[PDB]
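Before any comments, here is the structure.
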Amino acid sequence: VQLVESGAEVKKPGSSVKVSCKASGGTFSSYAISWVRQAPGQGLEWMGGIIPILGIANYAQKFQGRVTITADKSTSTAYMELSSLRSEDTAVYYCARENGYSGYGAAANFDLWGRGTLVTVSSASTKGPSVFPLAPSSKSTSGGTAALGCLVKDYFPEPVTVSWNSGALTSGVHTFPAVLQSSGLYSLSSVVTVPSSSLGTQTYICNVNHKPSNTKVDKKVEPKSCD
Amino acid sequence: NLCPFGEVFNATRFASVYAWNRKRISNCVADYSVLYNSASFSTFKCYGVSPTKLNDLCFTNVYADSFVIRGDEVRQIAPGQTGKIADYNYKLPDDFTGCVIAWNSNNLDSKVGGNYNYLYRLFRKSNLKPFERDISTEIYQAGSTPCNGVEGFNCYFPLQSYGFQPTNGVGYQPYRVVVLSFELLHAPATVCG
Amino acid sequence: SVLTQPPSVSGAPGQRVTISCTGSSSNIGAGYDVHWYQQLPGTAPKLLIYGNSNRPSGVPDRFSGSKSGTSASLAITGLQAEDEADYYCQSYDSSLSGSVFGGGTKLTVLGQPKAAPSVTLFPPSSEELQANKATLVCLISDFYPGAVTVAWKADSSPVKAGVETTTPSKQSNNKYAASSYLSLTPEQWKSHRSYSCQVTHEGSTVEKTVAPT
Amino acid sequence: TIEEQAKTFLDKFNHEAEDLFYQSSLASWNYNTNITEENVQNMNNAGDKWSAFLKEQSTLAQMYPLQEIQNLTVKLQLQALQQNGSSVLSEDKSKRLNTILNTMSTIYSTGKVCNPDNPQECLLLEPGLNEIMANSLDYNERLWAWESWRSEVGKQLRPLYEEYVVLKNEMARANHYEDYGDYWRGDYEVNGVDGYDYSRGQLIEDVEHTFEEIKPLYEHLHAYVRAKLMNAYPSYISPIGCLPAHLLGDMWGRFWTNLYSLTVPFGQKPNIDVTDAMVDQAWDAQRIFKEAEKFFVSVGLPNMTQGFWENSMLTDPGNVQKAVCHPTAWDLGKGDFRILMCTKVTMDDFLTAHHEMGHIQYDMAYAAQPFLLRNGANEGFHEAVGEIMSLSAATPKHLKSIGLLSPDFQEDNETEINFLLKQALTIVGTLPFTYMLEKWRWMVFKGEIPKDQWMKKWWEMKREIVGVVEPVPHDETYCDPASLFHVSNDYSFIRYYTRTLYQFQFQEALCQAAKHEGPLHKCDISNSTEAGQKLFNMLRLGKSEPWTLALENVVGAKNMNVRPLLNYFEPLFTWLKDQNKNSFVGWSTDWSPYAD
Ligand SMILES: *[C@@H]1O[C@H](CO)[C@@H](O)[C@H](O)[C@H]1NC(C)=O
Ligand SMILES: *[C@@H]1O[C@H](CO)[C@@H](O)[C@H](O)[C@H]1NC(C)=O
Ligand SMILES: *[C@@H]1O[C@H](CO)[C@@H](O)[C@H](O)[C@H]1NC(C)=O
Ligand SMILES: *[C@@H]1O[C@H](CO)[C@@H](O)[C@H](O)[C@H]1NC(C)=O
Ligand SMILES: [Zn+2]
């Protein structure tokens, strides 16, 4: 079967998460359900597991009290409670199935895996993004092409859809990701390729939509006059 | 150097009887006289080897099999004994050549409200060979009706929950039972006394 | 963790590359099966080898496992393109009292067609100076993630503050593009005469210098 | 393949029922020592979980057939598990029935009597009414107490009792039984064992055949007590008629020991009494329990667990909290054993403590048996086992052996007669009442009597079987049998009738196994290890074996008999025979004190 997990949310120091899991077509029975996270580049280790019918859980040594795992067999689900969220707790969590056997060894093996819930901890506060235009200089346009775009500052979170002329441009558009800074700030970039013959008849604008902040700024780009 | 045995006996969470903690002891000297002279265990019965002359003899490797059972199945841990745990969880072979240690831990494996952390296996389709672990949670089919993984009629779960509480008798109190096995195969000796 | 794997293994297409897991005596040497796990990049992991010698349904016959003593081994008879993955060994431990994975083994199949890196330097505009912040960007295109070192200089001393490296994203023509950022102040923007972007790739270095004035 | 499914189901039920029963017993013990509202909530939720689990497991058991299993123990477990009771009917009828039972309990518990001089001054039933009925030397006061008790509860219980009777009859008819009496008598039935079957009619015939043998021992005692009350009260009882209703010691006429001081035949010889012997030697419940443990372990029986010695109460800590001052033992299971024993420095408390220790020893006997192989097929075996050890610990030889009674106390032909009379005043005297009540309830539940002649038949059979006269006629508006503790909370009363013979059969068996050819009343079972082992071999069996075999392997008889009961009081019988050389023996059914 397939296991469905929740989406990705950002979190704060302290607080808690409510990562869940759901098995399609039932079959959330006669099998232990374990939770394994994937640390960003440092491996995977096992949080714990529940035999869902018996309602008894077990945990690891480093996560015996910090993490609490619960199950509900009626709706075929399991609720993960992770209190005391710090920075090293930023990872992606998976709900894996268990396939116990009688083989002499009889080691627990995870057959089916979930979609994966990405949980991250950030201390960034909600603020107003700032967008400023960019235009090429005289020396930059050596040939018949020119490069220009719009840059985003003081924005959060990283999902941002940048459209050129409300989606009227589809060729030569590129999207760039952000990078961690000293203060936890993120910044992206966007460039397009345009001929120099269209710089005096058609203007280029950037439309940035931020769903959590309920803001949408319309800004124009006008080429440099000194160079 | 001394073999690691203190953290085996002073472990915070012993494993359950359906999936017992198995450890290999080798390439060190293990003084079994410390365990006998401490005398902090109710059970010190050792078939296959004398209770005292195992210390000065040299063996190759040691297996430690730790689990927690109740009181009246300590008798069941013996060659030739049968039971719902001594056959379906850990069947000690008739040619056992080691020792079994059991001690009472009612102050560390039980608490108020009912301790259900330790499990056990109750129903099996057939018997199990010695030195075999069974962690299969597949529903035991009793009758001819195939329930296909849904709990119901002629379908009961093999794994149940224990009844460890600190206010119970010595016959149902949590006893930490470890099994020591000596192998004398065609290998040079690594553990001595 | 307790279970030790090589950090990475080189990949020879069409030959055998063995991935080993040298654990302790209480996890592998005890007798527990060593379950081999394979995770595709950007994909949830799945069970590759279970029972320490047996193969699940939907697993190619190229991947086979074998454990002797306190060490396990993964056999990869055939090396194709989609074998790019990190391989983990999982075994139950007695002292830890729980299942623990390994450190991962990146099986890297060889391949490297590339070209010269093309970089462009975009100076800041006039309206950005009134925001009490100065940004310097370095647009680089037609390059590869190998040797993406970015250095900054102002004709008198290298800059060691505000420099970061961004993971490139795949384009629609099997190309990857990225950029580097620099946070500064408009007060010191006019102090320096010029700014340049330094990118080193396979020994090919290109220099582009902008002039604020 | 059906039987192996039955065994797996029974094992699952055993484990889960052991866990839930331990939880409910824990809640009950928390309540009975630390009475508070949340303890009542704990009892209620634990009982609801227990009832729901038993209900669904019994439905799953009743789904199984019963004609393909020859396994005896499996058949017994299925029979004792496939029980529905009030759940066989609809939800509204079951709710009505248990609401009627709760009204019974509330009306019986809330029993108060107020003086006619002022309605403010009233006295409750348990704390004080029994005390003034036990300690009274007046006829008019006891008559007024009887009238005040039975003139206000019967009027509010009579249609309620009729509703309870008809609801119980309907539930019995809905459970493939002719009547509720048949349902209660079916607990003694044995099915499967060849040559040891037991129906519901042979029990009644054997009870009648033993009652006609206890009648000569009862009518002589009746004549003796009638002569004693005549000597004490010349103008209140004539030795031609029957005994007064309210002059039976206690209120219900069960225990006649309240008039023992009034009916002492030899007041010169001092009665056996070691109350000062334990008062002046600083004896507490700890020392009593220790010596009882030593006596129990000296006869081969294993001693108590540490659980009993540390978890169970034996004293109340002042007035900072309230606890139940009533003897009640609990078999919590999983090696946990507890007992409420309200200890005072007396002899009745001593005998009650020994009886409860016999109870918990019987509970510990079948420790390895499952929850469906629990306490035996009757609820009188445990009573008999407790009371035989209680009477063995109360013998003068036992008191002299432990250094309590002085060795200079002689045993003449008067103190033994007084002891036999005291024992028969509480053992023999309740058999006619028990037989009458059981027979009456049997015919009520069978339906042979209409609703307009219940009192007439009850008093006609009271004036003949027991032989008790009424100071005033009562119409059908009253309900006097509905004033018993065992009838207002749905327990059977034939258990006392069975244990009255079981105690004497066990005593004779132990005295024969201890090689004691002397008198039965001076027989002592101390120092007897083989008799203790032989008794424990049957105590361990429990309900796994039929009670007929459990009697055959102990006393050598498949059916109970009154031979030990008649042999025990033989000197008392001869004394009653030769003392009643000029007094009338028997009673008349045509006598009435209100007709004079
Ligand atoms: C008894 O109940 C009271 C109710 O508040 C509680 O405070 C106390 O701890 C209880 N004692 C025991 C021994 O259970
Ligand atoms: C009932 O079955 C059990 C289990 O097979 C068996 O041990 C027992 O002897 C049987 N009962 C009788 C009376 O034979
Ligand atoms: C058993 O006999 C000995 C013999 O002196 C006696 O001291 C002891 O009290 C007897 N046991 C009991 C329980 O009376
Ligand atoms: C029961 O008696 C034995 C000796 O027969 C003794 O060793 C044991 O300590 C006694 N039990 C208790 C709880 O004192
Ligand atoms: Zn009793």
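To be explicit about the labels: the chains of the structure tokens are called A, B, and onward in the order shown, and within each one the residues are counted from 1, while ligands get numbers from 1 in the order they are shown.
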
Test item, helix (DSSP H, G or I) assignment across segment 185-417 of chain D, answer as a CSV table (one decimal) with N, CA and C atoms, in the first residue's frame:
```csv
chain,number,residue,atom,x,y,z
D,185,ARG,N,-30.2,-23.3,41.3
D,185,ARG,CA,-29.8,-24.7,41.6
D,185,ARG,C,-29.0,-25.3,40.5
D,186,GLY,N,-28.9,-24.8,39.3
D,186,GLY,CA,-28.1,-25.3,38.2
D,186,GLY,C,-26.6,-25.1,38.4
D,187,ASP,N,-26.2,-24.2,39.4
D,187,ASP,CA,-24.8,-24.1,39.7
D,187,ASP,C,-24.2,-25.3,40.3
D,188,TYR,N,-25.0,-26.2,40.9
D,188,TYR,CA,-24.5,-27.4,41.5
D,188,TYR,C,-24.6,-28.6,40.5
D,200,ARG,N,-31.6,-30.9,39.6
D,200,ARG,CA,-32.1,-29.9,40.5
D,200,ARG,C,-33.2,-30.4,41.4
D,201,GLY,N,-33.7,-31.6,41.2
D,201,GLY,CA,-34.7,-32.2,42.1
D,201,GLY,C,-34.1,-33.1,43.2
D,202,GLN,N,-33.1,-33.8,42.8
D,202,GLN,CA,-32.4,-34.7,43.8
D,202,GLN,C,-31.8,-33.8,44.9
D,203,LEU,N,-31.3,-32.6,44.6
D,203,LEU,CA,-30.9,-31.7,45.7
D,203,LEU,C,-32.0,-31.4,46.7
D,204,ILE,N,-33.2,-31.1,46.1
D,204,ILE,CA,-34.3,-30.7,47.0
D,204,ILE,C,-34.7,-31.9,47.9
D,205,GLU,N,-34.7,-33.1,47.2
D,205,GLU,CA,-35.1,-34.3,48.0
D,205,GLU,C,-34.1,-34.7,49.1
D,206,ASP,N,-32.8,-34.5,48.8
D,206,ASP,CA,-31.8,-34.8,49.8
D,206,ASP,C,-31.8,-33.7,50.9
D,207,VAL,N,-32.1,-32.5,50.5
D,207,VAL,CA,-32.2,-31.4,51.5
D,207,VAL,C,-33.4,-31.7,52.5
D,208,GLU,N,-34.5,-32.2,51.9
D,208,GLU,CA,-35.7,-32.6,52.8
D,208,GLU,C,-35.3,-33.8,53.6
D,209,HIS,N,-34.6,-34.8,53.1
D,209,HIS,CA,-34.2,-36.0,53.8
D,209,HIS,C,-33.2,-35.7,55.0
D,210,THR,N,-32.4,-34.7,54.8
D,210,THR,CA,-31.5,-34.2,55.9
D,210,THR,C,-32.2,-33.3,56.8
D,211,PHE,N,-33.3,-32.6,56.4
D,211,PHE,CA,-34.0,-31.7,57.3
D,211,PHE,C,-34.9,-32.5,58.2
D,212,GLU,N,-35.4,-33.7,57.7
D,212,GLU,CA,-36.2,-34.5,58.6
D,212,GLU,C,-35.3,-35.2,59.6
D,213,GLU,N,-34.0,-35.3,59.4
D,213,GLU,CA,-33.1,-35.8,60.4
D,213,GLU,C,-32.6,-34.7,61.3
D,214,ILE,N,-32.5,-33.4,60.9
D,214,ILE,CA,-32.2,-32.3,61.8
D,214,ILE,C,-33.4,-31.8,62.6
D,215,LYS,N,-34.6,-32.2,62.2
D,215,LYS,CA,-35.8,-31.9,63.0
D,215,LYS,C,-35.8,-32.4,64.4
D,216,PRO,N,-35.4,-33.6,64.8
D,216,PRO,CA,-35.3,-34.0,66.2
D,216,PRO,C,-34.3,-33.2,67.0
D,217,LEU,N,-33.2,-32.8,66.3
D,217,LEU,CA,-32.2,-31.9,67.0
D,217,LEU,C,-32.6,-30.5,67.1
D,218,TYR,N,-33.6,-30.1,66.3
D,218,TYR,CA,-34.1,-28.7,66.3
D,218,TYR,C,-35.2,-28.5,67.3
D,219,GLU,N,-36.1,-29.5,67.3
D,219,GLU,CA,-37.3,-29.4,68.2
D,219,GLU,C,-36.9,-29.5,69.7
D,220,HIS,N,-35.9,-30.2,70.0
D,220,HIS,CA,-35.4,-30.3,71.4
D,220,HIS,C,-34.8,-29.0,71.8
D,221,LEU,N,-34.0,-28.3,70.9
D,221,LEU,CA,-33.5,-27.0,71.2
D,221,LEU,C,-34.6,-26.0,71.3
D,222,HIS,N,-35.6,-26.1,70.5
D,222,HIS,CA,-36.8,-25.2,70.5
D,222,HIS,C,-37.5,-25.4,71.9
D,223,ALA,N,-37.7,-26.6,72.3
D,223,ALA,CA,-38.3,-26.8,73.6
D,223,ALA,C,-37.4,-26.2,74.8
D,224,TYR,N,-36.1,-26.4,74.7
D,224,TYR,CA,-35.2,-25.9,75.7
D,224,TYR,C,-35.3,-24.4,75.8
D,225,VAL,N,-35.2,-23.7,74.6
D,225,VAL,CA,-35.2,-22.3,74.6
D,225,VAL,C,-36.6,-21.7,75.0
D,226,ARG,N,-37.7,-22.5,74.7
D,226,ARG,CA,-39.0,-22.1,75.1
D,226,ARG,C,-39.1,-22.2,76.7
D,227,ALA,N,-38.5,-23.2,77.2
D,227,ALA,CA,-38.5,-23.4,78.7
D,227,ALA,C,-37.7,-22.3,79.3
D,228,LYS,N,-36.6,-21.9,78.7
D,228,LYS,CA,-35.7,-20.9,79.3
D,228,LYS,C,-36.4,-19.5,79.2
D,229,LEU,N,-37.1,-19.2,78.1
D,229,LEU,CA,-37.8,-17.9,78.0
D,229,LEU,C,-39.0,-17.9,79.0
D,230,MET,N,-39.6,-19.1,79.2
D,230,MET,CA,-40.7,-19.2,80.2
D,230,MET,C,-40.2,-18.9,81.6
D,231,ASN,N,-39.0,-19.5,81.9
D,231,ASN,CA,-38.4,-19.2,83.2
D,231,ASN,C,-38.1,-17.8,83.4
D,232,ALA,N,-37.5,-17.2,82.4
D,232,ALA,CA,-37.2,-15.7,82.5
D,232,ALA,C,-38.4,-14.9,82.4
D,257,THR,N,-27.2,-16.1,69.2
D,257,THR,CA,-26.2,-15.9,70.2
D,257,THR,C,-26.4,-14.7,71.1
D,258,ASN,N,-27.3,-13.8,70.7
D,258,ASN,CA,-27.6,-12.6,71.5
D,258,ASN,C,-28.3,-13.0,72.8
D,259,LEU,N,-29.0,-14.1,72.9
D,259,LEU,CA,-29.6,-14.5,74.1
D,259,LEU,C,-28.9,-15.6,74.8
D,275,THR,N,-10.0,-13.0,76.8
D,275,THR,CA,-10.0,-11.6,76.4
D,275,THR,C,-9.0,-10.8,77.4
D,276,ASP,N,-9.1,-11.1,78.7
D,276,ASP,CA,-8.2,-10.5,79.6
D,276,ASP,C,-6.8,-11.0,79.4
D,277,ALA,N,-6.6,-12.3,78.9
D,277,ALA,CA,-5.3,-12.8,78.7
D,277,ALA,C,-4.6,-12.2,77.5
D,278,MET,N,-5.3,-11.7,76.5
D,278,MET,CA,-4.7,-10.9,75.4
D,278,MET,C,-4.7,-9.4,75.8
D,279,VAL,N,-5.5,-8.9,76.6
D,279,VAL,CA,-5.5,-7.5,77.0
D,279,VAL,C,-4.3,-7.2,77.9
D,285,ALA,N,-3.1,-7.1,66.4
D,285,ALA,CA,-3.5,-7.9,65.2
D,285,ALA,C,-2.2,-8.5,64.5
D,286,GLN,N,-1.1,-7.8,64.7
D,286,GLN,CA,0.2,-8.3,64.2
D,286,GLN,C,0.5,-9.7,64.8
D,287,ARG,N,0.4,-9.7,66.2
D,287,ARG,CA,0.8,-11.0,66.9
D,287,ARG,C,-0.2,-12.1,66.6
D,288,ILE,N,-1.5,-11.7,66.5
D,288,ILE,CA,-2.6,-12.7,66.1
D,288,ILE,C,-2.3,-13.3,64.8
D,289,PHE,N,-2.0,-12.4,63.8
D,289,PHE,CA,-1.7,-12.9,62.4
D,289,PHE,C,-0.4,-13.8,62.4
D,290,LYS,N,0.6,-13.4,63.2
D,290,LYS,CA,1.8,-14.2,63.3
D,290,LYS,C,1.5,-15.6,63.9
D,291,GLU,N,0.7,-15.7,65.0
D,291,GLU,CA,0.5,-17.0,65.6
D,291,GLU,C,-0.4,-17.8,64.7
D,292,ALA,N,-1.4,-17.2,64.0
D,292,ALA,CA,-2.2,-17.9,63.0
D,292,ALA,C,-1.3,-18.4,61.8
D,293,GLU,N,-0.4,-17.6,61.4
D,293,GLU,CA,0.6,-18.1,60.3
D,293,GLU,C,1.4,-19.3,60.8
D,294,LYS,N,1.8,-19.3,62.1
D,294,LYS,CA,2.6,-20.4,62.6
D,294,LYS,C,1.7,-21.6,62.7
D,295,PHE,N,0.4,-21.5,63.1
D,295,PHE,CA,-0.5,-22.6,63.2
D,295,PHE,C,-0.8,-23.1,61.8
D,296,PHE,N,-0.9,-22.3,60.8
D,296,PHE,CA,-1.2,-22.7,59.4
D,296,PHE,C,0.0,-23.4,58.8
D,297,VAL,N,1.2,-22.9,59.1
D,297,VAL,CA,2.4,-23.6,58.6
D,297,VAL,C,2.8,-24.8,59.3
D,306,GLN,N,4.2,-12.1,51.2
D,306,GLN,CA,4.6,-10.9,51.8
D,306,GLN,C,3.6,-9.8,51.4
D,307,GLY,N,3.0,-10.0,50.2
D,307,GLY,CA,1.9,-9.1,49.8
D,307,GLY,C,0.9,-8.9,50.9
D,308,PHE,N,0.3,-10.0,51.4
D,308,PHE,CA,-0.7,-9.9,52.5
D,308,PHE,C,-0.1,-9.2,53.7
D,309,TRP,N,1.1,-9.5,54.1
D,309,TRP,CA,1.8,-8.9,55.2
D,309,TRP,C,2.2,-7.4,55.1
D,310,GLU,N,2.2,-6.9,53.9
D,310,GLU,CA,2.6,-5.5,53.7
D,310,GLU,C,1.5,-4.6,53.1
D,311,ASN,N,0.7,-5.1,52.2
D,311,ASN,CA,-0.3,-4.4,51.5
D,311,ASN,C,-1.7,-4.3,52.2
D,348,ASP,N,-14.8,-12.4,68.8
D,348,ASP,CA,-15.5,-12.5,67.5
D,348,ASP,C,-14.6,-12.0,66.4
D,349,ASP,N,-13.9,-10.9,66.7
D,349,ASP,CA,-12.9,-10.4,65.7
D,349,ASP,C,-11.8,-11.4,65.4
D,350,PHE,N,-11.4,-12.1,66.5
D,350,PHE,CA,-10.4,-13.2,66.3
D,350,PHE,C,-10.9,-14.3,65.4
D,351,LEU,N,-12.1,-14.7,65.6
D,351,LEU,CA,-12.7,-15.8,64.8
D,351,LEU,C,-12.9,-15.3,63.4
D,352,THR,N,-13.3,-14.1,63.2
D,352,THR,CA,-13.5,-13.5,61.9
D,352,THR,C,-12.2,-13.4,61.1
D,353,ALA,N,-11.1,-13.0,61.8
D,353,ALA,CA,-9.8,-12.9,61.2
D,353,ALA,C,-9.3,-14.3,60.8
D,354,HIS,N,-9.5,-15.3,61.6
D,354,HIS,CA,-9.2,-16.7,61.3
D,354,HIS,C,-10.0,-17.2,60.1
D,355,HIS,N,-11.3,-16.9,60.0
D,355,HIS,CA,-12.1,-17.3,58.9
D,355,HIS,C,-11.6,-16.6,57.6
D,356,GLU,N,-11.3,-15.3,57.7
D,356,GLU,CA,-10.8,-14.7,56.5
D,356,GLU,C,-9.4,-15.2,56.1
D,357,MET,N,-8.6,-15.6,57.1
D,357,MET,CA,-7.3,-16.2,56.7
D,357,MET,C,-7.5,-17.6,56.0
D,358,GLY,N,-8.5,-18.4,56.5
D,358,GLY,CA,-8.9,-19.6,55.8
D,358,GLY,C,-9.4,-19.3,54.4
D,359,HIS,N,-10.1,-18.2,54.2
D,359,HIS,CA,-10.6,-17.7,52.9
D,359,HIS,C,-9.4,-17.4,52.0
D,360,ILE,N,-8.4,-16.7,52.5
D,360,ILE,CA,-7.3,-16.3,51.6
D,360,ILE,C,-6.4,-17.5,51.3
D,361,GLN,N,-6.3,-18.4,52.3
D,361,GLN,CA,-5.5,-19.6,52.1
D,361,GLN,C,-6.2,-20.5,51.0
D,362,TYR,N,-7.5,-20.6,51.0
D,362,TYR,CA,-8.2,-21.2,49.9
D,362,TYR,C,-8.0,-20.5,48.6
D,363,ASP,N,-8.0,-19.2,48.6
D,363,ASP,CA,-7.7,-18.4,47.4
D,363,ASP,C,-6.3,-18.7,46.8
D,364,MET,N,-5.3,-18.8,47.7
D,364,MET,CA,-4.0,-19.1,47.3
D,364,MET,C,-3.8,-20.6,47.0
D,365,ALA,N,-4.7,-21.5,47.3
D,365,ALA,CA,-4.6,-22.9,47.0
D,365,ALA,C,-4.6,-23.1,45.5
D,371,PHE,N,-8.4,-18.1,35.3
D,371,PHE,CA,-9.6,-17.4,35.8
D,371,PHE,C,-10.9,-18.2,35.6
D,372,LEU,N,-10.9,-19.1,34.7
D,372,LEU,CA,-12.1,-20.0,34.5
D,372,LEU,C,-12.0,-21.2,35.4
D,373,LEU,N,-10.9,-21.5,36.0
D,373,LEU,CA,-10.8,-22.5,37.0
D,373,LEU,C,-10.6,-22.0,38.4
D,381,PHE,N,-17.8,-23.7,50.1
D,381,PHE,CA,-16.6,-24.4,50.4
D,381,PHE,C,-15.6,-23.5,51.1
D,382,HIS,N,-15.5,-22.2,50.7
D,382,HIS,CA,-14.6,-21.3,51.3
D,382,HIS,C,-15.0,-20.9,52.7
D,383,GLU,N,-16.3,-20.8,52.9
D,383,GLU,CA,-16.9,-20.5,54.3
D,383,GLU,C,-16.5,-21.7,55.2
D,384,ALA,N,-16.8,-22.9,54.7
D,384,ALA,CA,-16.5,-24.1,55.6
D,384,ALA,C,-15.0,-24.2,55.9
D,385,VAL,N,-14.2,-23.9,54.9
D,385,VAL,CA,-12.7,-24.0,55.1
D,385,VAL,C,-12.2,-23.0,56.1
D,386,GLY,N,-12.8,-21.7,56.0
D,386,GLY,CA,-12.4,-20.7,57.0
D,386,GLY,C,-12.9,-21.1,58.4
D,387,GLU,N,-14.2,-21.5,58.5
D,387,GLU,CA,-14.8,-21.7,59.8
D,387,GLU,C,-14.3,-23.0,60.5
D,388,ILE,N,-13.8,-24.0,59.8
D,388,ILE,CA,-13.3,-25.2,60.5
D,388,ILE,C,-11.9,-24.8,61.2
D,389,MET,N,-11.1,-24.0,60.5
D,389,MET,CA,-9.9,-23.5,61.1
D,389,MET,C,-10.2,-22.5,62.2
D,390,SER,N,-11.2,-21.7,62.1
D,390,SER,CA,-11.6,-20.8,63.1
D,390,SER,C,-12.0,-21.5,64.4
D,391,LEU,N,-12.8,-22.6,64.2
D,391,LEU,CA,-13.2,-23.4,65.4
D,391,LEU,C,-12.1,-24.2,65.9
D,392,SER,N,-11.2,-24.7,65.1
D,392,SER,CA,-10.0,-25.4,65.6
D,392,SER,C,-9.1,-24.5,66.4
D,393,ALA,N,-9.0,-23.2,66.0
D,393,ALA,CA,-8.2,-22.3,66.8
D,393,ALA,C,-8.9,-21.8,68.0
D,396,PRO,N,-10.2,-25.3,73.4
D,396,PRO,CA,-9.4,-25.1,74.6
D,396,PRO,C,-8.0,-25.7,74.6
D,397,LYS,N,-7.9,-26.8,73.9
D,397,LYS,CA,-6.5,-27.4,73.7
D,397,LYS,C,-5.6,-26.5,72.9
D,398,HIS,N,-6.1,-25.9,71.9
D,398,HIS,CA,-5.3,-24.9,71.1
D,398,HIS,C,-5.0,-23.7,71.9
D,399,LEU,N,-5.9,-23.2,72.7
D,399,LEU,CA,-5.6,-22.1,73.6
D,399,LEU,C,-4.6,-22.4,74.6
D,400,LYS,N,-4.6,-23.6,75.2
D,400,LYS,CA,-3.6,-24.0,76.2
D,400,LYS,C,-2.3,-24.3,75.6
D,401,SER,N,-2.3,-24.7,74.3
D,401,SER,CA,-1.0,-25.0,73.6
D,401,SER,C,-0.2,-23.8,73.4
D,415,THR,N,-18.8,-27.5,81.1
D,415,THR,CA,-18.2,-26.5,80.2
D,415,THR,C,-18.3,-27.0,78.7
D,416,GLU,N,-18.1,-28.3,78.5
D,416,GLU,CA,-18.2,-28.8,77.2
D,416,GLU,C,-19.7,-28.7,76.7
D,417,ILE,N,-20.6,-29.0,77.6
D,417,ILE,CA,-22.0,-28.9,77.2
D,417,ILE,C,-22.4,-27.4,76.9
```

Q | Contacts with ligand 2 at most 6 Å, only C-alpha atoms and all ligand atoms counted, listed as a list in words | A |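 Based on only C-alpha atoms and all ligand atoms, ligand 2 is surrounded within 6 Å by residues 71, 72, 73 and 74 of chain D.
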
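Nearest residue to chain B, choosing from D:238, D:312, D:199, D:77 and counting only C-alpha atoms: D:312.
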
Using only C-alpha atoms, find which residues of chain C lie within 7 Å of chain B and jot them down as a PDB file with N, CA and C atoms, in the first residue's frame.
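The file below, result.pdb, is the result:
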```pdb
ATOM      1  N   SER C  25      30.405  -6.402  17.479  1.00  0.00           N
ATOM      2  CA  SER C  25      30.063  -7.789  17.759  1.00  0.00           C
ATOM      3  C   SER C  25      28.672  -7.952  18.356  1.00  0.00           C
ATOM      4  N   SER C  26      28.054  -6.871  18.831  1.00  0.00           N
ATOM      5  CA  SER C  26      26.733  -6.943  19.441  1.00  0.00           C
ATOM      6  C   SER C  26      25.599  -6.691  18.455  1.00  0.00           C
ATOM      7  N   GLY C  29      27.938  -9.242  14.511  1.00  0.00           N
ATOM      8  CA  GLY C  29      28.535 -10.459  15.033  1.00  0.00           C
ATOM      9  C   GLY C  29      27.646 -11.214  15.996  1.00  0.00           C
ATOM     10  N   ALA C  30      26.652 -10.541  16.580  1.00  0.00           N
ATOM     11  CA  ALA C  30      25.687 -11.227  17.433  1.00  0.00           C
ATOM     12  C   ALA C  30      24.851 -12.221  16.636  1.00  0.00           C
ATOM     13  N   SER C  94      22.131  -4.747  20.764  1.00  0.00           N
ATOM     14  CA  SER C  94      21.738  -5.134  22.113  1.00  0.00           C
ATOM     15  C   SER C  94      22.070  -4.053  23.137  1.00  0.00           C
ATOM     16  N   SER C  97      19.895  -1.283  22.286  1.00  0.00           N
ATOM     17  CA  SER C  97      18.506  -1.731  22.432  1.00  0.00           C
ATOM     18  C   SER C  97      17.595  -1.069  21.398  1.00  0.00           C
TER      19      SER C  97
END
```

Q: Within 8 Å of chain A, which residues of chain B are there when counting only C-alpha atoms? Please give them as a ChimeraX atom specification.
A: /B:116-117,131-139,149-150,157,160-161

Contact check, chain C to chain A, at most 6 Å, counting only C-alpha atoms, closest pairs as a tab-separated table:
```
residue	atom	partner	partner_atom	distance
C:31	CA	A:105	CA	5.3
C:32	CA	A:105	CA	4.2
C:33	CA	A:105	CA	5.4
C:47	CA	A:111	CA	5.4
C:100	CA	A:45	CA	5.7
C:101	CA	A:45	CA	5.8
C:103	CA	A:43	CA	5.7
C:166	CA	A:179	CA	5.5
```
